[PDB]
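Chemist: Structure provided below as structure tokens; questions to follow.
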Amino acid sequence: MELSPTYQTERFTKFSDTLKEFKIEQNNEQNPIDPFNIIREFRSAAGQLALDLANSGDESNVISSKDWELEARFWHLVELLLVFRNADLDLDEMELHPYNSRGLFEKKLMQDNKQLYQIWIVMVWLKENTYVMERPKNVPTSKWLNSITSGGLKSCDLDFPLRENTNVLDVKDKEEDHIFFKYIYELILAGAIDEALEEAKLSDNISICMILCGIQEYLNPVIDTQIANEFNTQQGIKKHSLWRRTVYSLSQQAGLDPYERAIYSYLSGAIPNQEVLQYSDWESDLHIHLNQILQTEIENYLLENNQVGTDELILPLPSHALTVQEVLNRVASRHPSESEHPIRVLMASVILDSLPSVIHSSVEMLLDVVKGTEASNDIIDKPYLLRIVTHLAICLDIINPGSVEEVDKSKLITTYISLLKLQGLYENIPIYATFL
Amino acid sequence: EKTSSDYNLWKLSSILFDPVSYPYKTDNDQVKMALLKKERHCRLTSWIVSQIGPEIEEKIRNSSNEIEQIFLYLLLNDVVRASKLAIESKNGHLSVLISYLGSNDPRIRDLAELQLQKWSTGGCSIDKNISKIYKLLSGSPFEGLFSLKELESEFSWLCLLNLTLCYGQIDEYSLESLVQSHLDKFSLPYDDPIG
């Protein structure tokens, strides 16, 4: 958001330079048709300036901090999509006989099927933008040591917390759990099996990292030599279907903490329980359902190769094929702040695929502003909101429209030119005027 | 007969020494050959489980403890159902370890050694047989710190062989070297024709 009108103008100047340069290159074939180097540089700038302002700790630098964080993301979103249009992959033209490794099939399917590459790309955007808290303040080398001392536990074992009705905790032990178990869950949504393996060992909580690693499959040269080209050693659990359904059943057991069940629910491929899910952002919730889709497609093929089994389904997984619209609605009941805030709404409509239609209603109001018959709308009471929507529309239409019709895109610009006079910038205007 | 050791002797030998071919031909011959041996092994592992069958089942019937029945299943290929009994009997702990059956890794070895050390040091020490399981997963149950050599005394030399063959050293070994490793940890009786 705003600091003062001074901070608002400057965002316009960075964006404008990037757009012009890109436009010249796209209409020459002597130059990179699709350049990716500049938007990255613009990305790296928005990003770093975001973080520096937050860390300064003044109130004026946080508000402004939001605006920089949004900017850097827009550059990234555009990047993944143009990689696809400027080169579709069709890799991993490995075997398909019904007797080979789970992993030889997994690579082969994902790369061939254009539809699964498009789901994978979207997920790559979501993962990054999932938030990880700060490092735990505990690394215990005897868990449950206070109850060990009394000897009600045979050891540092988790048998007793998975048997106990109310879940055996001490006041001290709840104080240990909360910081720790919250970090491992967040860590899990954002991945990194290597980091997880190293920590878990020290905190005598060794088992959970291994569960996260079970997604994996053969990557051994000994087994097949097409999965010799990705690691020299196998990994994970080669009874994936069994592991999902059993973990899911385990997730539903009570006499667990909400976290214990939540951790397992994610690892088994379900949305986490409502108590815990409310402290996570919109992006990750959505992301989990995209997981269900992606893996169902992979296992259908695995079934035809007579690998995956129907008997390994223990307690069925909760299926996910919810829309973007349902997802805004669920998130909004838990905290209406990321699914009733307008910018995050603009992001959603790209995904659901109704952005031109949603823009059109906005576009009618906007033209009136130009005509000077409106001046009490919530987008002229938010200078930043007009600036975001216009720039969103231009970038995707540089080659040709990818999610916003030309008419609308022009019309957003016309109003934005109207505003740019009012903020006392008239150098950015002749750039934007060309796209009209 | 199909209950007889004579049936078993002729049947086994084709699987062991002769290829059990695929209906197709692979892209590379090290995929050809690797999968060919793995094929022989797959069939073997299930077959052993069917023969040893009635024995394990008997013991499952005579055990009226949930936990104990849960262990007895894992000496088959009853992994499925082992999990099923564990959930129902209010035991989480047994389900977690059961989900990992059917694979062995350097990561899984690491789990087995550390979890045991932390337990028998920081704790007051885990049970005799839990610490025996840690030995099977680290990759030396019979030469392990808790020895399973006592388990001959209740379960046949073929069941003992079964353990190493399904779990321990599966893909860090070929099918040949894998059976040999079990012999170096615990030799089978010589009076067996089929052994």
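Identifiers for the structure tokens are assigned positionally: chains receive A, B, ... in sequence, residues are indexed from 1 per chain, and ligands are indexed from 1 in the order shown.
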Within 8 Å of chain A, which residues of chain B show up when using only C-alpha atoms, listed as an MDAnalysis selection string?
Modeler: chainID B and resid 22 24 26:28 30:31 34:35 80 83:84 87 90:93 95:96 99:105 107:108 111 114:115 118:120 122:127 171
Chemist: Would you mind exporting N, CA and C atoms of the selected residues as a CSV table (one decimal), in the first residue's frame?
Modeler:
```
chain,number,residue,atom,x,y,z
B,22,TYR,N,9.9,-61.7,-19.6
B,22,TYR,CA,8.9,-60.7,-19.7
B,22,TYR,C,8.2,-60.9,-21.0
B,24,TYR,N,7.7,-58.6,-23.0
B,24,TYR,CA,8.3,-57.6,-23.9
B,24,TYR,C,9.8,-57.7,-23.8
B,26,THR,N,13.0,-54.8,-23.1
B,26,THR,CA,13.3,-53.6,-22.6
B,26,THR,C,14.2,-52.7,-23.5
B,27,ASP,N,14.3,-51.3,-23.3
B,27,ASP,CA,15.1,-50.4,-24.0
B,27,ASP,C,16.6,-50.6,-23.8
B,28,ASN,N,17.1,-51.2,-22.7
B,28,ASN,CA,18.5,-51.3,-22.5
B,28,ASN,C,18.6,-52.6,-21.9
B,30,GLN,N,20.7,-53.6,-19.5
B,30,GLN,CA,20.9,-53.6,-18.0
B,30,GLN,C,19.5,-53.4,-17.4
B,31,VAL,N,18.4,-52.9,-18.1
B,31,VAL,CA,17.1,-52.9,-17.6
B,31,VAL,C,16.5,-54.3,-17.9
B,34,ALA,N,18.3,-56.5,-15.2
B,34,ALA,CA,18.0,-56.2,-13.8
B,34,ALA,C,16.6,-56.6,-13.4
B,35,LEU,N,15.7,-56.3,-14.3
B,35,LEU,CA,14.3,-56.6,-14.1
B,35,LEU,C,14.0,-58.0,-14.2
B,80,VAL,N,-0.8,-54.8,4.2
B,80,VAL,CA,-2.2,-54.3,4.1
B,80,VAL,C,-3.0,-54.3,5.4
B,83,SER,N,-1.7,-53.1,9.0
B,83,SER,CA,-2.1,-51.8,9.2
B,83,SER,C,-3.5,-51.7,9.8
B,84,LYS,N,-4.5,-52.6,9.1
B,84,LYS,CA,-5.8,-52.5,9.4
B,84,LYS,C,-6.2,-52.8,10.9
B,87,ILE,N,-5.0,-49.7,13.4
B,87,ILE,CA,-5.9,-48.6,13.6
B,87,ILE,C,-7.0,-48.8,14.5
B,90,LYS,N,-6.6,-49.0,18.2
B,90,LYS,CA,-6.3,-47.7,18.9
B,90,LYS,C,-4.7,-47.5,18.9
B,91,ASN,N,-3.9,-48.3,18.1
B,91,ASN,CA,-2.5,-48.1,18.0
B,91,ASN,C,-2.0,-47.4,16.8
B,92,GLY,N,-1.6,-46.1,17.0
B,92,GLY,CA,-1.0,-45.3,16.0
B,92,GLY,C,0.3,-45.8,15.6
B,93,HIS,N,1.2,-46.1,16.6
B,93,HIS,CA,2.7,-46.3,16.6
B,93,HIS,C,2.9,-47.5,15.6
B,95,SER,N,0.9,-48.6,13.0
B,95,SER,CA,0.6,-48.1,11.7
B,95,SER,C,1.7,-47.3,11.0
B,96,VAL,N,2.5,-46.5,11.7
B,96,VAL,CA,3.5,-45.6,11.1
B,96,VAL,C,4.6,-46.5,10.6
B,99,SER,N,3.5,-48.6,7.5
B,99,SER,CA,3.5,-47.9,6.2
B,99,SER,C,4.9,-48.0,5.4
B,100,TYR,N,6.1,-48.3,6.1
B,100,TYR,CA,7.4,-48.2,5.5
B,100,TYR,C,7.9,-49.6,5.0
B,101,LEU,N,7.0,-50.6,5.2
B,101,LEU,CA,7.4,-52.0,4.8
B,101,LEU,C,7.3,-52.0,3.4
B,102,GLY,N,8.2,-52.8,2.7
B,102,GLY,CA,8.2,-52.9,1.3
B,102,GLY,C,9.2,-52.1,0.6
B,103,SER,N,10.3,-51.6,1.4
B,103,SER,CA,11.3,-50.7,0.9
B,103,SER,C,12.4,-50.6,2.0
B,104,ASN,N,13.6,-50.4,1.5
B,104,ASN,CA,14.7,-50.2,2.4
B,104,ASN,C,15.6,-49.3,1.7
B,105,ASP,N,16.3,-48.4,2.5
B,105,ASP,CA,17.0,-47.1,2.0
B,105,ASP,C,18.1,-46.9,2.9
B,107,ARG,N,18.3,-43.9,4.4
B,107,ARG,CA,17.5,-43.1,5.3
B,107,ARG,C,16.8,-43.9,6.4
B,108,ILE,N,16.2,-45.1,6.0
B,108,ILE,CA,15.5,-46.1,6.8
B,108,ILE,C,16.5,-46.7,7.8
B,111,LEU,N,17.2,-44.3,10.4
B,111,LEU,CA,16.1,-44.2,11.4
B,111,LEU,C,16.3,-45.3,12.4
B,114,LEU,N,19.6,-44.7,15.0
B,114,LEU,CA,19.4,-43.5,15.9
B,114,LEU,C,18.2,-43.7,16.8
B,115,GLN,N,17.0,-44.1,16.3
B,115,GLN,CA,15.8,-44.2,17.1
B,115,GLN,C,16.1,-45.2,18.3
B,118,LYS,N,18.8,-43.3,21.0
B,118,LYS,CA,18.1,-42.3,21.8
B,118,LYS,C,17.1,-42.9,22.8
B,119,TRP,N,16.5,-44.0,22.3
B,119,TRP,CA,15.6,-44.8,23.2
B,119,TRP,C,16.2,-45.5,24.4
B,120,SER,N,17.3,-46.3,24.1
B,120,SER,CA,18.1,-47.0,25.1
B,120,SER,C,19.1,-46.2,25.8
B,122,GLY,N,18.5,-42.1,26.4
B,122,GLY,CA,17.7,-41.0,26.9
B,122,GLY,C,16.5,-41.7,27.6
B,123,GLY,N,15.9,-42.8,27.2
B,123,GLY,CA,14.8,-43.4,27.8
B,123,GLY,C,15.1,-44.3,29.0
B,124,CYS,N,14.3,-45.2,29.3
B,124,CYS,CA,14.7,-46.2,30.2
B,124,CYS,C,15.0,-47.6,29.4
B,125,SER,N,14.8,-47.5,28.0
B,125,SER,CA,15.1,-48.6,27.1
B,125,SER,C,13.8,-49.2,26.6
B,126,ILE,N,13.7,-49.4,25.3
B,126,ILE,CA,12.6,-50.1,24.6
B,126,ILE,C,12.8,-51.6,24.8
B,127,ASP,N,11.7,-52.3,24.6
B,127,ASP,CA,11.4,-53.7,24.8
B,127,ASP,C,12.4,-54.5,24.0
B,171,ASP,N,17.9,-53.6,-2.6
B,171,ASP,CA,18.3,-52.9,-3.8
B,171,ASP,C,19.7,-52.4,-3.5
```
Chemist: Write out as a ChimeraX atom specification which residues come within 12 Å of residue 11 (chain A) when counting only C-alpha atoms, dropping same-chain ones fewer than 6 positions away.
Modeler: /A:1-3,5,17-18,42,45-46,49-50,64-65,67-72,383-384,387-388,391,425,428
Chemist: So that I can check the secondary structure, give me every residue of chain B assigned alpha helix (DSSP H) by backbone DSSP, as number ranges by chain.
Modeler: B: 5-17, 29-51, 53-62, 66-73, 79-88, 92-98, 106-122, 128-138, 157-166, 175-185
Chemist: CA of residue 175 (chain A) and CA of residue 112 (chain B) are how many Å apart?
Modeler: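 One can read the CA of residue 175 (chain A) to CA of residue 112 (chain B) distance as 27.7 Å.
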Chemist: With only C-alpha atoms as the atoms that count, which of A:110, A:267, A:188, A:82 lies nearest to residue 133 (chain A)?
Modeler: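 Distance minimum relative to residue 133 (chain A) lands on A:188.
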Chemist: If you count only C-alpha atoms, which residues fall within 8 Å of residue 258 (chain A), apart from same-chain ones fewer than 6 positions away, as a PyMOL selection string?
Modeler: chain A and resi 273+275-276
Chemist: Report as a PyMOL selection string all protein, DNA and RNA residues lying within 10 Å of residue 166 (chain B), evaluated on only C-alpha atoms, omitting residues in the same chain fewer than 5 positions from it.
Modeler: chain B and resi 41-42+44-46+75-77+101-104+161+178
Chemist: Any chance you could export the current selection's N, CA and C atoms as a PDB file, in the first residue's frame?
Modeler:
```
ATOM      1  N   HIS B  41      12.721 -62.881  -8.124  1.00  0.00           N
ATOM      2  CA  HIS B  41      12.686 -62.528  -6.690  1.00  0.00           C
ATOM      3  C   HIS B  41      11.338 -62.199  -6.231  1.00  0.00           C
ATOM      4  N   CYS B  42      10.530 -61.489  -7.047  1.00  0.00           N
ATOM      5  CA  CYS B  42       9.226 -61.055  -6.654  1.00  0.00           C
ATOM      6  C   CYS B  42       8.298 -62.222  -6.333  1.00  0.00           C
ATOM      7  N   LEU B  44       9.183 -65.299  -5.765  1.00  0.00           N
ATOM      8  CA  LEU B  44       9.780 -66.134  -4.696  1.00  0.00           C
ATOM      9  C   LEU B  44       9.315 -65.791  -3.327  1.00  0.00           C
ATOM     10  N   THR B  45       9.354 -64.471  -3.121  1.00  0.00           N
ATOM     11  CA  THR B  45       8.991 -63.751  -1.919  1.00  0.00           C
ATOM     12  C   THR B  45       7.588 -63.957  -1.591  1.00  0.00           C
ATOM     13  N   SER B  46       6.680 -63.914  -2.571  1.00  0.00           N
ATOM     14  CA  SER B  46       5.248 -64.264  -2.311  1.00  0.00           C
ATOM     15  C   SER B  46       4.979 -65.739  -2.079  1.00  0.00           C
ATOM     16  N   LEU B  75       5.543 -61.177   8.653  1.00  0.00           N
ATOM     17  CA  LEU B  75       6.380 -62.288   8.332  1.00  0.00           C
ATOM     18  C   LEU B  75       5.822 -63.033   7.129  1.00  0.00           C
ATOM     19  N   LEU B  76       4.601 -62.576   6.659  1.00  0.00           N
ATOM     20  CA  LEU B  76       3.891 -62.953   5.479  1.00  0.00           C
ATOM     21  C   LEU B  76       4.194 -61.922   4.488  1.00  0.00           C
ATOM     22  N   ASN B  77       3.210 -61.579   3.637  1.00  0.00           N
ATOM     23  CA  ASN B  77       3.119 -60.297   2.984  1.00  0.00           C
ATOM     24  C   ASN B  77       1.673 -59.831   3.253  1.00  0.00           C
ATOM     25  N   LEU B 101       7.010 -50.561   5.218  1.00  0.00           N
ATOM     26  CA  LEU B 101       7.353 -51.999   4.849  1.00  0.00           C
ATOM     27  C   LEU B 101       7.263 -52.035   3.356  1.00  0.00           C
ATOM     28  N   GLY B 102       8.179 -52.768   2.729  1.00  0.00           N
ATOM     29  CA  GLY B 102       8.185 -52.910   1.278  1.00  0.00           C
ATOM     30  C   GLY B 102       9.230 -52.059   0.644  1.00  0.00           C
ATOM     31  N   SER B 103      10.265 -51.632   1.394  1.00  0.00           N
ATOM     32  CA  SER B 103      11.336 -50.745   0.903  1.00  0.00           C
ATOM     33  C   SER B 103      12.383 -50.580   2.005  1.00  0.00           C
ATOM     34  N   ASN B 104      13.645 -50.432   1.492  1.00  0.00           N
ATOM     35  CA  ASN B 104      14.728 -50.184   2.393  1.00  0.00           C
ATOM     36  C   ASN B 104      15.612 -49.255   1.659  1.00  0.00           C
ATOM     37  N   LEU B 161      15.093 -66.636   6.657  1.00  0.00           N
ATOM     38  CA  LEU B 161      15.563 -66.289   5.374  1.00  0.00           C
ATOM     39  C   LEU B 161      14.645 -65.257   4.747  1.00  0.00           C
ATOM     40  N   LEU B 178      22.051 -61.218  -2.074  1.00  0.00           N
ATOM     41  CA  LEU B 178      21.121 -61.026  -1.064  1.00  0.00           C
ATOM     42  C   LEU B 178      20.891 -62.296  -0.229  1.00  0.00           C
TER      43      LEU B 178
END
```
Chemist: Rank nothing, just name the residue among B:176, B:18, B:66, B:113 nearest to residue 133 (chain B), using only C-alpha atoms.
Modeler: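 Closest candidate: B:113.
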